[PDB]
Amino acid sequence: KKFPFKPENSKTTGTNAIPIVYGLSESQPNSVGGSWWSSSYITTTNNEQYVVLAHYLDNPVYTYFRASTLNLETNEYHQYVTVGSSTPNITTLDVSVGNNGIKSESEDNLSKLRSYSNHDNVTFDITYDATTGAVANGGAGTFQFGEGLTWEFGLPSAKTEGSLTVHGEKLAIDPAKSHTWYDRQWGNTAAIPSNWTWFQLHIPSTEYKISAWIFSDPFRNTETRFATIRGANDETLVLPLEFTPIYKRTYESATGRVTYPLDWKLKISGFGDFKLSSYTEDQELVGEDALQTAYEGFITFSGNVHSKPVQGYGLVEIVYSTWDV
Ligand SMILES: *[C@@H]1O[C@H](CO)[C@@H](O[C@@H]2O[C@H](CO)[C@@H](O[C@@H]3O[C@H](CO[C@H]4O[C@H](CO[C@H]5O[C@H](CO)[C@@H](O)[C@H](O)[C@@H]5O[C@H]5O[C@H](CO)[C@@H](O)[C@H](O)[C@@H]5O)[C@@H](O)[C@H](O[C@H]5O[C@H](CO)[C@@H](O)[C@H](O)[C@@H]5O)[C@@H]4O)[C@@H](O)[C@H](O[C@H]4O[C@H](CO)[C@@H](O)[C@H](O)[C@@H]4O[C@H]4O[C@H](CO)[C@@H](O)[C@H](O)[C@@H]4O[C@H]4O[C@H](CO)[C@@H](O)[C@H](O)[C@@H]4O)[C@@H]3O)[C@H](O)[C@H]2NC(C)=O)[C@H](O)[C@H]1NC(C)=O
């Protein structure tokens, strides 16, 4: 079956009625540091569907770019991680390891963006425009993440163009039936949680876009488990949830260090309940250490929102910042 991927056509910060704690443009450039990330839900001109990931991380120990493609008809999956050394402190967005990276193509560092990769098994060149109301995590764009603060916003349904090269054939992206979620996150500390799960959810019968985080805070000795939900008209919901990982189906990491569940239940307080399933077993970006490794998998789900049955899709991220303990 085909999914109803499609873009939004709205303003990035809506009315600006909600006083978020940064400007999006000013937060984009290399000099700010942190993480730049995109997941594109693509229909090509020949009606094939793919999910393509791109991710650049700056860290004081190293940098890396990592990327994957997933064919939704056949489950054919390809990934790589390539390690770099440093990030230039420039006042625009242009991060790369080799001939792969993420950059802005507009003066405001935000309105037109590009994720590109030229690996032999992972080759694409994807542009996307900020035509989608932002998700300001936590309500105003910041929340407690490990020992200190994190700052995060998502652009959930960006109009998307370009191409993906599959077995020597360059496939063109259909912008009427595609969209990209771009996520920008930068940080306060090196003491981030030991591991987490992050959900990025789309419910096509609604205007809700969900960015949900679950992890332990050993510094306050509490459990973080919440969703930031952007609705229509800039409305934002910050809601507790209950998280249940289900290990009936698992995928064993290629590093031998962890086992990933492949199904979950979420109960988001006052909003709805969901049953989520990884689309195929192997969706792991395999790096040399823990922070370079992640499960980044396309998922589908069913559930109920405000007593109405719903179906949807999105991505689950599973990260261990350390394999110790
Ligand atoms: C971030 O990463 C985290 C780590 O990967 C991850 O957390 C993990 O999540 C999973 C999924 O929820 C948890 O798995 C459950 O675990 C339950 C047991 O949990 C207890 O034990 C573990 C292990 O403790 C050992 O190991 C740790 C380190 O690994 C040590 O720190 C401990 O000291 C201890 O060490 C000893 O043992 C080791 C051997 O294992 C030795 O190596 C060692 O030397 C020592 O000898 C603890 O970590 C747990 O503590 C943590 O969690 C609790 C909350 O649960 C907190 O209170 C605590 O503070 C910690 O945070 C805890 O102590 C399993 O019981 C459970 O499986 C049952 O439930 C599922 C689902 O319902 C069933 O499918 C399953 O079949 C089991 O059901 C049976 O059993 C129950 C209970 O009796 C019955 O009610 C049920 O009906 C059924 O019984 C029937 O079937 C049985 C089986 O056939 C049968 O025997 C019966 O007779 C009956 O017929 C599930 O597997 C896992 O614990 C988490 N781990 C941690 C560390 O938290 C986290 O999700 C990630 N975060 C995110 C956001 O992604």
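Residues numbered from 1 in each chain as written, not as in the entry; some residues may be left out. Heavy atoms only, no water.

In the PDB archive, X-ray crystallography is given as the structure determination method for this entry, at a resolution of 2.00 Å.

Chemist: Go over the environment of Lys177, please, and point to the residues and values.
Modeler: Here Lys177 shows up in the loop between β12 (169–172) and β13 (179–187). Taking relative accessible area as the criterion, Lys177 reaches 42% and is therefore assigned partly exposed. In the structure, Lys177 is positioned 171 residues away from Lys6 in sequence and 4.5 Å away in space, judged by C-alpha atoms. The residues touching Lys177, leaving out its near neighbours within four places in the chain, are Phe5, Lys6, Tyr41, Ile42 and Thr43. (Helix = DSSP H or I, 4+ residues; strand = E, 2+ residues; numbered from the N terminus. Buried < 20%, exposed > 50% of the residue type's maximum accessible area, 1.4 Å probe, protein only. Contact = heavy atoms within 4.5 Å.)

Chemist: Could you give an account of the packing of aromatic side chains, with specific residues and numbers?
Modeler: All told, the structure shown has 36 aromatic pairs when counted by the stated rule. Judged by centre distance (5.9 Å) and plane angle (45 degrees), the rings of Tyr22 and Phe153 are tilted. Of this pair, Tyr22 sits in the segment before α1 (24–27) while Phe153 sits in strand β11 (residues 148–166), and the two are 131 residues apart along the sequence. When sorted by exposure, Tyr22 lands in the same class as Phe153, which is buried. Taken together, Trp37, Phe143, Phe145, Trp181, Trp196, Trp198, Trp213, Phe215 and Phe226 form an aromatic cluster joined through their ring pairs. (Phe/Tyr/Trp six-rings, centres within 6.5 Å; stacked < 30°, edge-to-face > 60°.)

Chemist: Any chance you could break down the pattern of salt bridges for me, citing the residues and the numbers?
Modeler: Inspection of every chain in the model, using the stated rule, returns 8 salt bridges. Its salt-bridge partner being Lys112, residue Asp129 comes within 2.4 Å of it at the nearest N-O pair. One end of the pair, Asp129, is in strand β8 (residues 123–129); the other, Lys112, is in strand β7 (residues 112–118), with 17 residues separating them in the sequence. Given the relative accessible area of 16%, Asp129 is considered buried. Residue class for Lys112 comes out partly exposed when judged on its relative accessible area of 24%. (Salt bridge = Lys/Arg side-chain N within 4 Å of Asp/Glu carboxyl O.)

Chemist: Residues and numbers for the site of the ligand, please.
Modeler: Near the ligand you find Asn195, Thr197, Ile214, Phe243, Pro245, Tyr247 and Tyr320, and these make up its full shell. In the model, an oxygen atom of the ligand is placed 2.3 Å from a nitrogen or oxygen of the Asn195 side chain. A distance of 2.9 Å separates an oxygen atom of the ligand from a polar side-chain atom of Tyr320. In isolation the ligand exposes 1,800 Å². Once the protein is present, 16% of that is buried. Those elements that provide at least two residues to the shell around the ligand are β14 (195–202) and β17 (236–252). Of the residues forming the shell around the ligand, the biggest block, 3 residues, is contributed by β17. By residue class, the composition of the shell around the ligand is 5 nonpolar, 2 polar and no charged. (Near = heavy atom within 4 Å. Polar contact = N/O pair within 3.5 Å; in protein donor to acceptor, adjacent residues only side chain to side chain. Areas by Shrake-Rupley, 256 points an atom, 1.4 Å probe, with all protein chains shown as cover. Nonpolar A, V, L, I, M, F, W, Y, C, P; charged D, E, K, R; others polar.)

Chemist: Any details on the pairing of β17? Residues and values, ideally.
Modeler: Of the strand pairs in this sheet, strand β16 (residues 222–230) and β17 are connected by 5 bridges, and their pairing is antiparallel. Bridge pairing in β17 links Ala227 to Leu239. In this structure, the hairpin formed by β16 and β17 is closed by a connection of 5 residues, where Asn233 is found at a positive phi of approximately 65 degrees. As paired elements, β17 and strand β18 (residues 259–268) share 9 bridges and run antiparallel to each other. Across the sheet, residue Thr244 finds its bridge partner in β18, namely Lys265. (Pairing = 2+ DSSP bridges.)

Chemist: How would you explain the side chain of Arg184 if you had to name every residue and give the values?
Modeler: Here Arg184 is to be found in strand β13. Here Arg184 occupies a buried position and makes no salt bridge, while the nearest side chain of opposite charge, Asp58, is found at 8.6 Å. Among the polar contacts listed, one links the side chain of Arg184 to the backbone oxygen of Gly33, at a separation of 2.6 Å. In this structure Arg184 touches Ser27, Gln28, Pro29, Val32, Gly33, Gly34, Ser35, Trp36, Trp151, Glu152 and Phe153, once residues within four positions along its chain are discounted. (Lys, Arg positive; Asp, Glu negative; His and termini not counted.)

Chemist: So what's going on with the environment of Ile229? Which residues, and what values?
Modeler: Here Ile229 lies in strand β16. Distance from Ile229 to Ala212, taken between C-alpha atoms, is 8.2 Å for residues 17 residues apart in sequence. With near-sequence residues (within four places) excluded, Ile229 lies in contact with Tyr208, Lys209, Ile210, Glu235, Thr236, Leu237, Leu239, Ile268 and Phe271.

Chemist: Just give me the short version of unusual backbone geometry, but keep the residues and values in it.
Modeler: Positive phi values are uncommon outside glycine, yet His167 reaches one of about 50 degrees. Tracing the backbone through its elements, the reader meets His167 in the loop between β11 and β12. A relative accessible area of 67% means that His167 is categorised as exposed. Unusually for a residue other than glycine, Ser307 sits at a positive phi of about 65 degrees.

Chemist: Outline the side chain of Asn109, listing residues and values.
Modeler: Assignment of secondary structure puts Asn109 in the loop between β6 (101–104) and β7. Taking the relative accessible area as the measure of exposure, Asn109 reaches 9% and is therefore buried. Among the polar contacts listed, one links the side chain of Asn109 to the side chain of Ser104, at a separation of 3.4 Å. Excluding its chain neighbours within four sequence positions, the residues that come into contact with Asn109 are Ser25, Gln28, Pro29, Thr91, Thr92, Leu93 and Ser104.

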